[PDB]
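Visitor: Here it is, the structure, as structure tokens.
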Amino acid sequence: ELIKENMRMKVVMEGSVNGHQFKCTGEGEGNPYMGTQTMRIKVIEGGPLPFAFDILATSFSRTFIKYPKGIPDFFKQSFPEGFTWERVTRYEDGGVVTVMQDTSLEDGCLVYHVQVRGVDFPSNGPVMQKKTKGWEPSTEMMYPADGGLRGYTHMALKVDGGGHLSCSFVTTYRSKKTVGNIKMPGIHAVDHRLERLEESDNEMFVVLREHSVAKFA
Ligand SMILES: [Mg+2]
Ligand SMILES: [Mg+2]
Ligand SMILES: [Mg+2]
């Protein structure tokens with residue numbers, strides 16, 4: 001079918017955080033049925049970023065979730081047309097990030113277009129001071145919502161000196177399927193582990209790896 005055991009992805013991300021304009025490109029691959037993927041990301045405009053790359057990392061891939069056959073896979077069913085996602089992220093101490101994403105399939109490659117707008121991060125907070133240490137593993141609750149899905153995640157951004165910055169994601173996943181059917185899942189959870197590795201000194205190059213597995217709520 002269209003989502004093969006090996007799939008490539010490409011991403012273009014444009015946005016701003018606290019007025020700082022940037023652009024990133026990414027490419028990678030994974031095993032959509034095993035829920036594993038890796039991607040290589042470059043900051044191509046606005047680099048070096050004067051904020052933590054961690055606030056972008058969660059915007060770089062829902063086709064690579066391991067769904068058990070008993071839980072319908074909204075994302076893989078949405079091809080060939082694909083799906084969109086819209087997110088609002090609220091950070092402890094201020095920091096609101098709004099994200100709009102398109103997922104398409106072009107010549108057998110997944111193609112992502114992402115728009116990111118971050119505002120009101122404190123000037124001497126760990127995001128704008130680049131004192132973050134990556135994301136804890138998290139569980140995203142998935143709910144049926146008017147023929148799409150609502151995702152809800154409480155994430156913990158690790159900070160220098162042992163603390164965390166609490167943050168909350170509400171995501172709306174919408175199908176772009178204009179011909180054909182989608183079997184809607186019930187309430188479920190997705191367990192995520194997002195790792196950054198192979199980073200350059202000023203985060204102009206970052207490798208992300210993700211493990212995403214669906215389970216019953
Ligand atoms: Mg399915
Ligand atoms: Mg902060
Ligand atoms: Mg660098």
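Residue numbers start at 1 in each chain; chains themselves are named A, B, ... in the order of the structure tokens; ligands are numbered from 1 in the order shown.
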Could you list, as a list in words, all residues that come within 9 Å of ligand 2? Count only C-alpha atoms and all ligand atoms.
Guide: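 Written in the requested form, the residues are residues 91, 92, 93, 94, 95, 120, 121, 122, 123, 124, 125, 126, 127, 128, 129 and 165 of chain A.
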Visitor: Ligand 1: which residues are within 12 Å, counting only C-alpha atoms and all ligand atoms? Reply as a list in words.
Guide: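 Taking only C-alpha atoms and all ligand atoms into account, the residues around ligand 1 at most 12 Å away are residues 3, 33, 63, 65, 66, 67, 68, 69, 70, 71, 72, 73, 74, 75, 76, 77, 78, 79, 181, 182, 183, 184, 185, 186 and 214 of chain A.
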Visitor: Take the residues from that selection and put them in a file with N, CA and C atoms, as an mmCIF file, in the first residue's frame.
Guide:
data_model
loop_
_atom_site.group_PDB
_atom_site.id
_atom_site.type_symbol
_atom_site.label_atom_id
_atom_site.label_comp_id
_atom_site.auth_asym_id
_atom_site.auth_seq_id
_atom_site.Cartn_x
_atom_site.Cartn_y
_atom_site.Cartn_z
ATOM 1 N N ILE A 3 1.724 3.545 2.560
ATOM 2 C CA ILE A 3 2.669 3.638 3.705
ATOM 3 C C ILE A 3 3.404 2.308 3.787
ATOM 4 N N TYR A 33 5.238 1.243 10.869
ATOM 5 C CA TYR A 33 4.519 0.164 11.583
ATOM 6 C C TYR A 33 5.242 -0.222 12.868
ATOM 7 N N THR A 63 2.513 9.695 11.215
ATOM 8 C CA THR A 63 2.398 8.501 10.373
ATOM 9 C C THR A 63 3.232 7.369 10.990
ATOM 10 N N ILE A 65 3.556 5.981 14.053
ATOM 11 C CA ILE A 65 3.059 5.471 15.355
ATOM 12 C C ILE A 65 2.776 3.981 15.167
ATOM 13 N N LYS A 66 3.245 3.137 16.070
ATOM 14 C CA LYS A 66 2.868 1.707 16.093
ATOM 15 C C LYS A 66 1.454 1.584 16.669
ATOM 16 N N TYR A 67 0.486 1.284 15.810
ATOM 17 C CA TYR A 67 -0.922 1.047 16.200
ATOM 18 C C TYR A 67 -1.128 -0.450 16.312
ATOM 19 N N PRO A 68 -1.660 -0.961 17.435
ATOM 20 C CA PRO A 68 -2.078 -2.352 17.477
ATOM 21 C C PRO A 68 -3.325 -2.556 16.603
ATOM 22 N N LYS A 69 -3.502 -3.624 15.798
ATOM 23 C CA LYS A 69 -4.612 -3.747 14.783
ATOM 24 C C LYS A 69 -6.007 -3.362 15.352
ATOM 25 N N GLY A 70 -6.238 -3.543 16.667
ATOM 26 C CA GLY A 70 -7.503 -3.266 17.382
ATOM 27 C C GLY A 70 -7.877 -1.788 17.517
ATOM 28 N N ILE A 71 -6.923 -0.897 17.368
ATOM 29 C CA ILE A 71 -7.062 0.587 17.426
ATOM 30 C C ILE A 71 -6.885 1.118 16.015
ATOM 31 N N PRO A 72 -7.958 1.606 15.350
ATOM 32 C CA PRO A 72 -7.823 2.214 14.026
ATOM 33 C C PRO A 72 -6.765 3.330 13.992
ATOM 34 N N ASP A 73 -6.008 3.342 12.909
ATOM 35 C CA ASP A 73 -4.867 4.248 12.670
ATOM 36 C C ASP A 73 -5.372 5.363 11.759
ATOM 37 N N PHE A 74 -5.771 6.460 12.378
ATOM 38 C CA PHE A 74 -6.351 7.619 11.660
ATOM 39 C C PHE A 74 -5.364 8.159 10.628
ATOM 40 N N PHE A 75 -4.091 8.187 10.993
ATOM 41 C CA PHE A 75 -3.035 8.854 10.207
ATOM 42 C C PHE A 75 -2.737 8.044 8.959
ATOM 43 N N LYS A 76 -2.451 6.747 9.126
ATOM 44 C CA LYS A 76 -2.134 5.910 7.928
ATOM 45 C C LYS A 76 -3.371 5.791 7.016
ATOM 46 N N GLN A 77 -4.582 5.769 7.560
ATOM 47 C CA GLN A 77 -5.807 5.703 6.727
ATOM 48 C C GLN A 77 -5.989 6.973 5.908
ATOM 49 N N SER A 78 -5.403 8.092 6.288
ATOM 50 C CA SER A 78 -5.703 9.393 5.637
ATOM 51 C C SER A 78 -5.011 9.510 4.272
ATOM 52 N N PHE A 79 -4.051 8.665 3.929
ATOM 53 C CA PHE A 79 -3.335 8.711 2.624
ATOM 54 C C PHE A 79 -4.251 8.175 1.528
ATOM 55 N N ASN A 181 -12.887 6.362 2.845
ATOM 56 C CA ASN A 181 -13.390 6.140 4.204
ATOM 57 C C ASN A 181 -12.250 6.243 5.215
ATOM 58 N N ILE A 182 -12.592 6.596 6.444
ATOM 59 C CA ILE A 182 -11.666 6.482 7.609
ATOM 60 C C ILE A 182 -12.477 5.824 8.718
ATOM 61 N N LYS A 183 -11.954 4.706 9.218
ATOM 62 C CA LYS A 183 -12.430 4.058 10.439
ATOM 63 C C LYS A 183 -11.919 4.830 11.655
ATOM 64 N N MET A 184 -12.806 5.386 12.451
ATOM 65 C CA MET A 184 -12.439 6.284 13.551
ATOM 66 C C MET A 184 -12.081 5.406 14.741
ATOM 67 N N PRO A 185 -10.948 5.689 15.410
ATOM 68 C CA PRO A 185 -10.637 5.036 16.676
ATOM 69 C C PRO A 185 -11.463 5.637 17.810
ATOM 70 N N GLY A 186 -11.479 4.918 18.912
ATOM 71 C CA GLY A 186 -11.939 5.449 20.195
ATOM 72 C C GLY A 186 -10.800 6.133 20.903
ATOM 73 N N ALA A 214 0.982 3.387 20.230
ATOM 74 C CA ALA A 214 -0.422 3.554 20.654
ATOM 75 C C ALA A 214 -0.805 2.426 21.613
#
Visitor: Using only C-alpha atoms, determine which residues lie at most 7 Å from stretch 199-204 of chain A, disregarding the query and same-chain residues fewer than 4 positions distant; provide the list as a ChimeraX atom specification.
Guide: /A:42-43,47-48,53
Visitor: Output the selection as a PDB file, in the first residue's frame - N, CA, C and O atoms for each residue.
Guide:
ATOM      1  N   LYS A  42      18.604  20.891   9.881  1.00  0.00           N
ATOM      2  CA  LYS A  42      19.509  22.041   9.695  1.00  0.00           C
ATOM      3  C   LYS A  42      18.733  23.322   9.937  1.00  0.00           C
ATOM      4  O   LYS A  42      17.663  23.475   9.354  1.00  0.00           O
ATOM      5  N   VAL A  43      19.307  24.262  10.671  1.00  0.00           N
ATOM      6  CA  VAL A  43      18.834  25.674  10.678  1.00  0.00           C
ATOM      7  C   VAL A  43      19.456  26.334   9.443  1.00  0.00           C
ATOM      8  O   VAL A  43      20.708  26.385   9.399  1.00  0.00           O
ATOM      9  N   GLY A  47      20.013  31.407  11.956  1.00  0.00           N
ATOM     10  CA  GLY A  47      20.913  30.674  12.838  1.00  0.00           C
ATOM     11  C   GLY A  47      22.139  31.506  13.213  1.00  0.00           C
ATOM     12  O   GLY A  47      22.541  32.354  12.416  1.00  0.00           O
ATOM     13  N   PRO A  48      22.796  31.316  14.388  1.00  0.00           N
ATOM     14  CA  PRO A  48      22.366  30.417  15.464  1.00  0.00           C
ATOM     15  C   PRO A  48      21.109  30.942  16.173  1.00  0.00           C
ATOM     16  O   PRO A  48      20.965  32.123  16.346  1.00  0.00           O
ATOM     17  N   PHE A  53      16.482  24.940  20.836  1.00  0.00           N
ATOM     18  CA  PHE A  53      15.944  24.059  19.774  1.00  0.00           C
ATOM     19  C   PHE A  53      14.837  23.152  20.320  1.00  0.00           C
ATOM     20  O   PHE A  53      13.900  22.886  19.556  1.00  0.00           O
TER      21      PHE A  53
END
Visitor: Give the answer as one residue: which of A:140, A:41, A:82, A:5 has the shortest atom-to-atom distance to ligand 3, using only C-alpha atoms and all ligand atoms?
Guide: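 Looking only at the distances to ligand 3, the closest residue turns out to be A:41.
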Visitor: Would you please give, as a VMD selection string, all residues of stretch 98-211 of chain A that DSSP assigns to strand (DSSP E) based on the backbone?
Guide: chain A and resid 98 to 106 109 to 119 132 to 135 138 to 145 148 to 159 164 to 175 188 to 197 205 to 211
Visitor: Which neighbours of residue A:164 fall inside 12 Å, counting only C-alpha atoms, when residues of the same chain fewer than 2 positions from it are skipped, and could you give them as a PyMOL selection string?
Guide: chain A and resi 91-93+125-127+131-136+154-162+166-167
Visitor: Which residue is closest to ligand 3? Choose from A:44, A:105, A:2, A:194 and count only C-alpha atoms and all ligand atoms.
Guide: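 That would be A:44, the residue with the smallest distance to ligand 3.
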Visitor: Any idea what the distance is between atom CA of residue A:37 and atom CA of residue A:197?
Guide: 13.1 Å
Visitor: If I take atom CA of residue A:174 and atom CA of residue A:153, how far is one from the other in Å, to one decimal?
Guide: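 Separating atom CA of residue A:174 from atom CA of residue A:153 is a distance of 17.4 Å.
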Visitor: For the helix (DSSP H, G or I) assignment from backbone DSSP, which residues of chain A qualify? Please present them as a ChimeraX atom specification.
Guide: /A:54-57,74-77
Visitor: Which distance in Å separates atom CA of residue A:39 and atom CA of residue A:56, to one decimal?
Guide: 13.3 Å
Visitor: Excluding residue A:14 and its own-chain neighbours fewer than 3 positions away, which residues fall within 9 Å of it when counting only C-alpha atoms? Please give them as a PyMOL selection string.
Guide: chain A and resi 21-25+45+113-117
Visitor: Export, as a compact mmCIF listing (two decimals), in the first residue's frame, the selected residues with N, CA, C and O atoms.
Guide:
# COMPACT_ATOMS: atom_id res chain seq x y z
N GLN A 21 13.18 35.44 13.62
CA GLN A 21 12.76 34.69 12.41
C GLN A 21 13.75 33.56 12.14
O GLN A 21 14.97 33.76 12.33
N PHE A 22 13.26 32.39 11.74
CA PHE A 22 14.13 31.25 11.35
C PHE A 22 13.47 30.39 10.28
O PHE A 22 12.24 30.43 10.07
N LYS A 23 14.29 29.54 9.69
CA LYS A 23 13.82 28.45 8.79
C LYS A 23 14.69 27.23 9.07
O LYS A 23 15.93 27.38 9.16
N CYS A 24 14.09 26.06 9.10
CA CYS A 24 14.79 24.77 9.21
C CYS A 24 14.34 23.85 8.10
O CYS A 24 13.17 23.92 7.66
N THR A 25 15.23 22.98 7.68
CA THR A 25 14.88 21.85 6.80
C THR A 25 15.32 20.57 7.49
O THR A 25 16.29 20.58 8.23
N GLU A 45 18.01 29.42 7.95
CA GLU A 45 17.88 30.90 8.10
C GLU A 45 17.74 31.23 9.58
O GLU A 45 17.08 30.44 10.29
N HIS A 113 5.11 20.50 5.92
CA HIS A 113 5.27 21.97 5.94
C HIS A 113 4.79 22.47 7.29
O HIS A 113 3.64 22.13 7.61
N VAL A 114 5.61 23.16 8.04
CA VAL A 114 5.29 23.57 9.44
C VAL A 114 5.49 25.07 9.57
O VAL A 114 6.55 25.57 9.16
N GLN A 115 4.55 25.74 10.21
CA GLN A 115 4.61 27.19 10.53
C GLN A 115 4.58 27.28 12.06
O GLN A 115 3.67 26.69 12.64
N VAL A 116 5.53 27.97 12.68
CA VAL A 116 5.70 28.02 14.16
C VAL A 116 5.70 29.50 14.56
O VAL A 116 6.43 30.27 13.94
N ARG A 117 4.90 29.87 15.55
CA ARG A 117 4.95 31.23 16.13
C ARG A 117 5.01 31.08 17.65
O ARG A 117 3.98 30.67 18.22
Visitor: Hey, what's within 9 Å of residue A:118 if we count only C-alpha atoms and toss same-chain stuff fewer than 3 positions away? As a VMD selection string, please?
Guide: chain A and resid 15 to 19 55 95 to 99 121
Visitor: List the spatial neighbours of residue A:61 as a PyMOL selection string - criterion: any atom at most 10 Å away, only C-alpha atoms, same-chain residues fewer than 6 positions off excluded.
Guide: chain A and resi 9+11+32+35+37+75+101+103+110-112+210+212
Visitor: From the list A:49, A:179, A:80, A:147, which residue is nearest ligand 3 when using only C-alpha atoms and all ligand atoms?
Guide: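 Answer, going by the shortest atom-to-atom distance: A:49.
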Visitor: Find, counting only C-alpha atoms, the residue in A:107, A:86, A:102, A:54 that gets nearest to residue A:206.
Guide: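 Using only C-alpha atoms, the shortest distance to residue A:206 belongs to A:54.
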